[PDB]
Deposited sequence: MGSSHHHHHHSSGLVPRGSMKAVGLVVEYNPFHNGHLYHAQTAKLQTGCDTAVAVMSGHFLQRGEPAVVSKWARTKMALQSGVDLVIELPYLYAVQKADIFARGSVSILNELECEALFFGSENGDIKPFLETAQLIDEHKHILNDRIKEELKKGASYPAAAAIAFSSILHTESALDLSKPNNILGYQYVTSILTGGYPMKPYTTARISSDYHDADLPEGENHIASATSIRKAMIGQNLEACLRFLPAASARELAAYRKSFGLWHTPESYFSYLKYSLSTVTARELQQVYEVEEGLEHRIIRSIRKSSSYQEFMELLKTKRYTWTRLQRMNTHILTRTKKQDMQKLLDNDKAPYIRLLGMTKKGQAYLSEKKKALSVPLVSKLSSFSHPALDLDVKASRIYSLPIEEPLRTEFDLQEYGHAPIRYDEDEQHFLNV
């Protein structure tokens, strides 16, 4: 029994993710598609459009045989970390293959690059420090030390996000020596981006996207906004940002993960004067901050994730548990074959196991429902517990729950 690992956030799951889930089992020759998926808040930092449950349902119907949560711990993080944790989990489940889309359909410049870099790493740090002492900044001196190599005609721009994430998966693998072989391909009824789609739904358009989405995906989104009366946007949580920053002191906000020393003053000062999440952001920007890092920071503020929480939990080199979000027939059989093999707990009912990282995913799960109006919100908050793990019948369409 063979599975291919898929590092994903389906937000929503679109034609590109569909083609990638069919080609996964095609090109990696594994009978099973196992995805680790960001739960509620994601790597880009934003809230998911729809809960991890219903996105699970867009996935199980599009050819993903198994779906596990990527803990907030790994999910909302710099890609170097995000990659590590995700691949880590795909290896605990013993996925022999890994498969990603990318701006370079060629795996060879990925492998070549990483191998090349570790081949020279000493050179890299000598030239980095040789620029640094000359007064160069961190990313500059790194950009220079790195462009001292790799800059040949190869391209594979690692200025491109998928090349980044993919290089980082591959790096996590090699570094870890995982017996999981990586694969990649380029990205192109039709296909537009998850984000173009998203902003198109923000623009009061859903079926406009239907060419860009499979059936299950749209069918799912519709029932979500139907039930809870919203698509979740970063802006939707602005009040709770305001509120949350309203009660905190400087020293306490200093301790939140991804808040650099001294910036707490700027944050606290700016949130007052910002009638918009956008204004808030522009008031916050420093060149030591990407925009995604600012979003991530804002999430950590929202969920009150502390430097010591995150750093005492990031230390470990294995994954704390496996959260099972959903499974197919194939998925079920795979999880059954390898069940006893897991070196870490398999969490189905939350009741079974309690963990600080788990406590953190639940935390995010409660923060997620806040823009939901009640009674709907109180009922939403049930799903993290008394939700029996989703199951779906691959052959002719059945959910057994």
Stretches with no C-alpha atoms in the model, relative to the deposited sequence starting at 1: 1 to 19, 208 to 220, 434
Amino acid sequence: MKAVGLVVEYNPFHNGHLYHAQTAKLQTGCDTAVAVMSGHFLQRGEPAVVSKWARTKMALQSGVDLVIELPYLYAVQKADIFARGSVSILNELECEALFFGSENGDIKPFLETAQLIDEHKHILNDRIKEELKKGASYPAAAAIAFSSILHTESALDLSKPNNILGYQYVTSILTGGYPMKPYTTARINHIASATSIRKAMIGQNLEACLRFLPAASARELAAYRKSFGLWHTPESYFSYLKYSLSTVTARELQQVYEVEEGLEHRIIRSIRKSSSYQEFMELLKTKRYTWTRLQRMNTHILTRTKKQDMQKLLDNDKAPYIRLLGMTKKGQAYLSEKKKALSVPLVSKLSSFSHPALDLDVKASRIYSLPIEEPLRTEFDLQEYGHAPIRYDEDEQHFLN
From here on, numbers count along this sequence of modelled residues.
85 to 93 or 327 to 335, whichever carries the higher mean Cα B-factor: 327 to 335
390 to 398 or 4 to 12, whichever carries the higher mean Cα B-factor: 390 to 398
Candidate set 80, 264, 153, 309 [ranked by C-alpha B-factor, highest]: 153
Peak C-alpha temperature factor (PDB record), options 76, 202, 253, 140: 202
For residue 258, the third of its chain into which the C-alpha B factor falls: lowest
Residue 376 - Cα temperature factor, lowest/middle/highest third of chain: highest
Entry-reported Cα temperature factor of residue 245, expressed as the chain third it lands in: lowest
Chain-relative CA temperature factor third for residue 55: middle
Chain-wide C-alpha B factor ranking for residue 128, given as lowest, middle or highest third: middle
